[PDB]
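Nothing in this text is a laboratory measurement; each read-out follows from the coordinates by a stated rule. Counting neighbours? That spans all protein chains shown, and the Cβs are built from the backbone with ideal geometry, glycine included.
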Amino acid sequence: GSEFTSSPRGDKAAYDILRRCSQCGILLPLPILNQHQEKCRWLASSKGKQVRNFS
Ligand SMILES: [Zn+2]
């Protein structure tokens, strides 16, 4: 099988309100997530190397 959520990790009952970043590993509630969204977007936009696209 190739399923997920099948490995040992910490236990909590609030992982649905929190948000996590697949490239940063930090967890934010909601108002502090705005600072992550701007900075993580700026880095991901700036990280543009070996690019090639034409018609
Ligand atoms: Zn991030």
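Sorting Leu43, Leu27 by the number of Cβ atoms found within 10 Å of their own Cβ, with the fewest placed first, yields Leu43, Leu27.
Take the alpha carbon gyration tensor of the chain, find the square roots of its eigenvalues, order them as a ≥ b ≥ c, and report rounded if a/c is under 1.5; if not, report prolate when a/b exceeds b/c, else oblate. Oblate shape, in that a/c is at least 1.5 and b/c is the bigger or equal ratio.
Compute the long axis of helix 33-46 from its Cα atoms, compare it with the longest principal axis of the Cα atoms of the chain, and write down the angle in degrees, 0 to 90, nearest 10. With both axes taken from Cα atoms, the answer is about 30 degrees.
Restriction of the trypsin sites (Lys or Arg not before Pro) in the chain to DSSP coil positions whose beta-carbon has at most 14 other beta-carbons within 10 angstrom yields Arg9, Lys12, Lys47, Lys49, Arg52.
At a Cβ-Cβ separation cutoff of 4.7 angstrom, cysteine residues of the chain with no neighbouring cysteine are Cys40. The length gained by stretching the chain between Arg20 and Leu43 to full extension, at 0.36 nm per residue less their Cα-Cα distance, is 6.6 nm.
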